[PDB]
Amino acid sequence: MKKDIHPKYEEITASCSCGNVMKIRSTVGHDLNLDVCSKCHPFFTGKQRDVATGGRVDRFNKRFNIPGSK
Amino acid sequence: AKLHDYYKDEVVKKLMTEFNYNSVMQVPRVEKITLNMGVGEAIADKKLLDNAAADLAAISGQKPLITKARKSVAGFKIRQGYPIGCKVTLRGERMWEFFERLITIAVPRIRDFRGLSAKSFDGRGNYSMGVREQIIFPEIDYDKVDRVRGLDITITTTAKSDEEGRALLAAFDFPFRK
RNA sequence: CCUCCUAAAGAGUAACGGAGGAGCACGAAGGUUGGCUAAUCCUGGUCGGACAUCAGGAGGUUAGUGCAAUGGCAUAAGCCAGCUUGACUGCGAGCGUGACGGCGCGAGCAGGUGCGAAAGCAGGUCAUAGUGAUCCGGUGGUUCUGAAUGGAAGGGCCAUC
RNA sequence: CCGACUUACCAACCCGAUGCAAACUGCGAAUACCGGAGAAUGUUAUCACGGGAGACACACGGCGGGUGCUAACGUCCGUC
RNA sequence: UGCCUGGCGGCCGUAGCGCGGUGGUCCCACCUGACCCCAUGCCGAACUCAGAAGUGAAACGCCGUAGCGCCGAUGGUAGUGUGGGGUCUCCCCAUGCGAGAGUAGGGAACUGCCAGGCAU
RNA sequence: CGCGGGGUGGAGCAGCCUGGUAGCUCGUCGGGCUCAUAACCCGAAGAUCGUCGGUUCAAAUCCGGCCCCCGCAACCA
RNA sequence: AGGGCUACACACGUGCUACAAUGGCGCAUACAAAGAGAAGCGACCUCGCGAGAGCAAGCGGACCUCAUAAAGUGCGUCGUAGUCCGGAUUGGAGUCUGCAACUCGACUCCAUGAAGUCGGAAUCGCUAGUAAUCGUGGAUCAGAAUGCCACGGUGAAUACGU
């Protein structure tokens, strides 16, 4: 026990647990044997439409001509 | 050391009984975790040596023993007695405390690496985890001039064989790579 | 000048016989105390090939050894860290040794020193290589002489170029 | 492109056998060599230091071996 | 006297190695804790310190074992002093010396010292 | 000997006493000129100023020594 | 059908944007011409940082709309510092046109942010509404202009001499 190197080692008390008791581990798939996608969720929202426009409250049944608005 | 308290209190009896062993140091007992880290030589001005020092620094607060190129022969070349890899044979009870994150939920770091298999530890129960990416202590900054990849972690074992090896490393918990 | 053999189991041995090297390096690469053990291949591996590092195993000295070769070694002689400067002066029992010049080796004595609790050790480097007779001149020391006397030169003696 | 179901195909480590060595040894005589104790014989041979040297140009021959063509009334050494 | 551990030995591969089996307060290891001496080119793993329980497992004694290593007869055999011959750097013959390897076979060790436990 | 003097981008030359800046020419590699080629012109590239060390905002330069050359030195019983 | 036409190392011709303090930065503020538009251009409306989004008048063109000219001016502002220029690049989010934006689009936006500090030798255009500069509009066009064509602001130096 040489008393003169090694300055920290333990001071948080090693809290990690799930996501929630300081930092993360999550699921039983906590072996993380792949990279980072950086591109999935929420754009892929669980659904396959990649940003249709601003919300209407009409949303009619069929077809249109945009520059006539009839 | 709570991983090693877990082993004292819970795992030693689990393992003893299930494998039918007759004496406490006949039973499995996890020994002396050690590391390496191999640098791409030290560089002409010993800068990849500095890079050994901060990466060690990441998971041991010490200094390196610092291993030397004893023979130097083929293509990395020269000097045949200059510093190379970064070994720590860690402290005891404290090293087992380190073992509380030191290859348990070391997982948010991991991206895969060539070790940690419940088939390709050696035919002597000795194994080497080359981790790549540093564990994280929680203090300020994350500009370390980083050396991106480091740290073969060579766990040593009261183990001579295949059966004591997978007693450890697998179902002692933490799990091996799935 | 050094190492092997010829060289015939003491050893000296000859040839434009056979085969290699030296003409220093040394302020620690010396001393002492304290500690420590290789080559090599394999099993696994962050990138290096398992063939730069790591752990384990097998191996058991085949490595190391400043510089050829031969002998050597694990008390290491080798590898390392402290303190340290016995790389000591005066001598030297007895000897191997060479025609001689001369070379080598050495317990102890006496002094003064360093390490070591200490017994103990060390008068260089693990050994054999790393050199040059006398003359003359040169600098330094000397309680030696210093031609009538006193001093001086000069010369002697000792240290060294 | 990894790797292996897949050996059909190669030569290393290894294994068994076999041979060789001036500069190879995990082995080793004969003899020669040193010193010691005793017997015998030996006109003390020997051994010290003094006077006087000649000598240092040796060859064939047996025995051992370098060179040579296991040539030379060769050559060089050892032994006799 | 006996059995057993340990220190110090004698002798120093017939003594070693592998292989297989056995033993724990008598002692010995591992062994836990390192506060304090002291110590790690970093590391209480080592060195060092404080020490029970655990445990004979690993180590180490012990016991069995020839696979191995090893020793190893007897005979013959090469070589050789000397002496004699044929001739060639080649042997025979005289008489002395006489190997190395292999064979039969031996072989997992005998032995002094003080201490400690146990048997008595 | 002692003295003096030299030690420049591949190559050959500039800067030198108070110093200030690595210049020039060939050779390079691309451009320009002319309808095209030739040469001509041009841009860029290409250095520790032989070495170490002392100073100022300034050392290529001035100073010692190192390391390296060269001229003279009628010097070594 | 999918790639390719569009690669990229490099050299060359053209246009772009700037290197600033006449300037760049903010607000406020003024006056253009010429055009194009039915399966098109498309206000006002309400959302949206923005592009746009959606609702829908209107237009059939000196009527509506694309469409608010902009530089210039007026005041504040920066103070020569590769910046408060320039903003290419590059990450992420976003709008959009359309079978389909990945090779290979256009556009918004947020963050970050390089070279460029007037440019060898050489070299081109220019005499008057011209040069210089600011912006506008359209044809090709599903979408997709830095270019082409035309439009108008502000508006010059000078040619002594052959």
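**Structural notes on the overall build of chain B**
Phase 1 of the analysis: Per the secondary structure count, chain B includes four helices and four strands.
Phase 2 of the analysis: Ordered by position from the N terminus, the helices and strands of chain B form the series α-β-α-β-α-β-β-α.
Phase 3 of the analysis: By principal-axis analysis of the C-alpha atoms, chain B measures approximately 55 × 40 × 30 Å.
Phase 4 of the analysis: In chain B, which comprises 178 residues, the share counted as buried stands at 42%.
Phase 5 of the analysis: Summarising the internal contacts of chain B: among those between residues at least 6 apart in sequence, 65% fall at separations of at least 24.
Phase 6 of the analysis: Accessible surface computed for chain B: about 9900 Å², of which carbon and sulfur atoms make up 55%.
Phase 7 of the analysis: Treating the 31 positive side-chain charges of chain B as one cloud and the 24 negative ones as another, the clouds have centres 6 Å apart.

**Brief notes about the overall build of chain A**
Phase 1 of the analysis: Counting secondary structure elements, chain A contains zero helices and zero strands.
Phase 2 of the analysis: For chain A, whose C-alpha radius of gyration is 26 Å, the value lies well above the compact-globule estimate of 11 Å for 70 residues.
Phase 3 of the analysis: Expressed as lengths along the three principal axes of its C-alpha atoms, the size of chain A is roughly 85 × 25 × 20 Å.
Phase 4 of the analysis: For chain A, with 70 residues in total, the buried portion stands at 6%.
Phase 5 of the analysis: When the accessible surface of chain A is totalled, it reaches about 6900 Å², and 58% of it is carbon and sulfur.

**Notes on the protein's contact with RNA strand E**
Phase 1 of the analysis: The full set close to RNA strand E counts 21 residues, and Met1 and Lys3 of chain A together with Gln26, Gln62 and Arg91 of chain B are the nearest of them.
Phase 2 of the analysis: Counted by atom, the contact set of RNA strand E within 4 Å of the protein is 59% sugar and phosphate.
Phase 3 of the analysis: The backbone of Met1 of chain A places a nitrogen or oxygen atom 2.6 Å from a base oxygen of RNA strand E.
Phase 4 of the analysis: Residue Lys3 of chain A places a side-chain N or O atom 2.7 Å away from a phosphate oxygen belonging to RNA strand E.

**Looking at the packing of aromatic side chains**
Phase 1 of the analysis: Under the defined criterion, the tally for this structure stands at three aromatic pairs over all chains.
Phase 2 of the analysis: Between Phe19 of chain B and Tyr21 of chain B the ring centres are 5.8 Å apart and the planes differ by 5°, which places this aromatic pair in the stacked class.
Phase 3 of the analysis: The exposure class assigned to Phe19 of chain B is partly exposed, which follows from its relative accessible area of 26%.
Phase 4 of the analysis: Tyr21 of chain B sits in the partly exposed class, given a relative accessible area of 23%.
Phase 5 of the analysis: The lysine or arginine in question, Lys8 of chain A, covers the ring of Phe137 of chain B, its NZ or CZ lying 3.6 Å from the ring centre.
Phase 6 of the analysis: When the ring centre of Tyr142 of chain B is taken as reference, the NZ or CZ atom of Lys144 of chain B above it lies at 5.1 Å.

**Comments concerning the interface of chain A and chain B**
Phase 1 of the analysis: On the side of chain B, 26 residues touch chain A, which itself brings 22 residues to the contact.
Phase 2 of the analysis: Taken over both partners, the interface formed by chain A and chain B buries close to 2200 Å², and the fraction arising from carbon and sulfur atoms is 62%.
Phase 3 of the analysis: Broken down residue by residue, the surface that chain A buries against chain B is led by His6, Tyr9 and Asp31 of chain A, which jointly contribute 27%.
Phase 4 of the analysis: At the boundary of chain A with chain B, the tally comes to one salt bridge.
Phase 5 of the analysis: Of the charged contacts, one joins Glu139 of chain B and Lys8 of chain A as a salt bridge, the two residues approaching to 2.7 Å between their closest N and O atoms.

**Here's the deal with the protein's contact with RNA strand C**
Residue and element names in this part refer to chain B.
Phase 1 of the analysis: Around RNA strand C sit 34 residues, and of these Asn36, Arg70, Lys87, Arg149 and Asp152 come closest.
Phase 2 of the analysis: Of everything in RNA strand C that lies within 4 Å of the protein, sugar and phosphate atoms constitute 71%.
Phase 3 of the analysis: In the environment of RNA strand C, a phosphate oxygen lies 2.7 Å from a nitrogen or oxygen atom belonging to the backbone of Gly115.
Phase 4 of the analysis: Side-chain polar atom of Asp152 to a base nitrogen of RNA strand C: 2.6 Å apart, as the coordinates give it.
Phase 5 of the analysis: Counting only elements with at least two residues in the surface near RNA strand C, the list comes to strand 1 (30-35), strand 3 (129-132) and strand 4 (150-157).
Phase 6 of the analysis: Of all the elements, strand 4 adds the most residues to the surface near RNA strand C, at five residues.
Phase 7 of the analysis: Of the residues contributing to the surface near RNA strand C, the split by class is ten nonpolar, 15 polar and nine charged.

**Considering the UniProt feature "binding site: Zn(2+)" in chain A**
Phase 1 of the analysis: Following the UniProt record, the feature "binding site: Zn(2+)" maps to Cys16 of chain A here.
Phase 2 of the analysis: On the basis of relative accessibility, which here comes to 18%, the residue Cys16 of chain A falls in the buried class.
Phase 3 of the analysis: Apart from residues lying up to four places away in sequence, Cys16 of chain A is in contact with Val21 and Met22 of chain A together with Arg101 and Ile105 of chain B.

What counts and how
Residues numbered from 1 in each chain as written, not as in the entry; some residues may be left out. Chains lettered and ligands numbered in written order. Part of a larger assembly, values for the part shown. Heavy atoms only, no water. Helix = DSSP H or I, 4+ residues; strand = E, 2+ residues; numbered from the N terminus. Buried < 20%, exposed > 50% of the residue type's maximum accessible area, 1.4 Å probe, protein only. Contact = heavy atoms within 4.5 Å. Areas by Shrake-Rupley, 256 points an atom, 1.4 Å probe, with all protein chains shown as cover. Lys, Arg positive; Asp, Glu negative; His and termini not counted. Charge placed at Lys NZ, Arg CZ, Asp CG, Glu CD. Rg over C-alpha atoms; globule rule 2.2 N^0.38 Å. Near = heavy atom within 4 Å. Polar contact = N/O pair within 3.5 Å; in protein donor to acceptor, adjacent residues only side chain to side chain. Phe/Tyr/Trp six-rings, centres within 6.5 Å; stacked < 30°, edge-to-face > 60°. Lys NZ or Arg CZ within 6 Å of the ring centre and 35° of its normal. Buried area = accessible area lost by both parts, 1.4 Å probe. Salt bridge = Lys/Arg side-chain N within 4 Å of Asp/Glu carboxyl O. Nonpolar A, V, L, I, M, F, W, Y, C, P; charged D, E, K, R; others polar. UniProt positions renumbered as here; feature names shortened; annotations may be inferred.

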